[PDB]
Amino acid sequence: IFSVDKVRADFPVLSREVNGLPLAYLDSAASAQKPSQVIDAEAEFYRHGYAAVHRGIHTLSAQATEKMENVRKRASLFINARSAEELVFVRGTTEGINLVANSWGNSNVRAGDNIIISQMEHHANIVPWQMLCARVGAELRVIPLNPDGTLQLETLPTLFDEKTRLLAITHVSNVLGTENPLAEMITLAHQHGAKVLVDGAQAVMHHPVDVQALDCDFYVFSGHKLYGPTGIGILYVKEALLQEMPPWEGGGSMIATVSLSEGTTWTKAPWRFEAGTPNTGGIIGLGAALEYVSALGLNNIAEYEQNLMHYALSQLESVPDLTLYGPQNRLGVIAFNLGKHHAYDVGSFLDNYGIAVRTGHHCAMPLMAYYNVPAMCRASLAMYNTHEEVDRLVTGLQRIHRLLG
C-alpha cells in the first residue's frame, strides 16, 4: 500500500508557491515532476563519474558505458522485452515514432499500401505517418471515435485489408484517459500481416506494461513523463524486425567501418540506431526513475491513482455546467470544458489560484475537431496528487463559473 505523503516528500517542486499560492501541479500528463533520487542520480554522475561512453579504454569511460548498458537492460525488464537489445535510446516518444516511420516505414510501406491510425492520436503518432504516406504514395486510414471517447471497433473490417502494412495506435489517450484494447487489436492486425506500433507515452507510469503479452511490434515512451529527465526516451522493437531495419541517423558509433573508397558498413542492432554521443546524463536519470517507480510498485500506484480519480469524478459532479470528455474508466487525465467559457480563460483563472492545468488542443487537433470544440482544459491526477488538490480544483471551477456566468 501507498503513502502519498511519503511520496510527495521526494518531489522538491511540490513545495513551491506560484502567484503567492501553494502549487497544485495537475499537469503531469504534459511532463512529470522528478523525485530528488532522479535529480541527484544525474547530478552525482556529472560530479563523480562523467566521461564519454563509446567503450573508451580508460576507467571513467568504461564505467560510464556499463552504466548506460545496465540502464538499457533495466528498461527492457521494466517493459518485459525479451532482451536489452530490442531497445533503442531516443530523445522521446516523438523521435522513436519518426525513427520507425523512416527506417521501417520507407522499406515496408509502398505506393498503394495503407496505414491505420485513430482519431484520438497525439500529433506525434499522426504527423510522421502523414509524412511517410506522402513520401511513398500510401493512404492513411483512421479509426473513428464514439461519443464516450472509445474507438469505434466495428469500423475495423472496412479499414484493414491486404494492403494494410501498419496499425499505429495509442495505448492510453493523453486527453481522454481511454485505455485501448491493444492485445485484441494486435491479434487482428497480425492476421493481415500488418505490424503494430504502440504509443505508450501515457501508459508506462500508470500500470505494468508487458510487450511480450501485448505482442506489439514497436512500443515507444518518454522518460520525462515517467518522473525522469527530459531528452530521453525508449523505442522497443521486436528483435527480428529490428535486425532487418536499416539505419536512420548516420554518424559515429552506429558504423562498423567507414571508408571513402569502399563505402561504410553498419554495426548491429540496437547500436546501429544510435548515432553520436548519446544523452548519457539523461540515461542515468532514466534508470533512476525506473528504479524509483519500481520501488513504489506500479500496482500500488495504480490503486492510489484510481482511488483519486474516482474521488475527483465524484466531486466534479457538484460543478455546474461541467462537460467531461472520455470514458468513465479513464486513466490519469480529466478533460473538461466549463459552461461556455473558453478553456484558455478557465485555465488562466485556475493558474491565478496556484493550480496548473493544461488548456488548448493538447497536440490532438483531430480529437478536438471530433468533439466540435477548439480546445479543452485537462487535469492530470498522478501518484503525487492529493484529495486536497482535487478539492481546490472543484472549488476553483465553482468560483470561476460563479464569477463569469
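Start at 1 with the first residue shown and count on from there. Rigid core (definition): largest C-alpha set, two forms, superposition within 1.5 Å.
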Revision key, fill the gap. Core-aligned CA RMS in 4 other deposited structures of this protein: between 258-266 and 301-309 the higher one is 258-266
**Study point:** Per the entry, higher mean C-alpha B factor between 50-58 and 31-39
**Key:** 50-58
Revision key, fill the gap. Ranked by mean Cα B-factor in the entry, 180-188 and 89-97, top stretch is 180-188
Practice item. Specify which of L316, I284, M120, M254 carries the largest Cα B factor in the deposited PDB entry. Key: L316
Point to revise | Where the record places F273 (Cα B-factor, split into thirds across the chain) | key: lowest
Review point. Within this chain, which third does the Cα B-factor at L324 fall in: lowest, middle or highest?
Key: highest
Review point. Against its chain's modelled residues, does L338's Cα B factor rank lowest, middle or highest third?
Key: highest
Exercise for review: Using the B-factor values recorded in the entry, state whether the Cα atom of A369 falls in the lowest, middle or highest third among the modelled residues of its chain.
Suggested key: highest
Study note, to complete from the structure: Tertile call for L235 (CA temperature factor, within chain, third-based) is the lowest
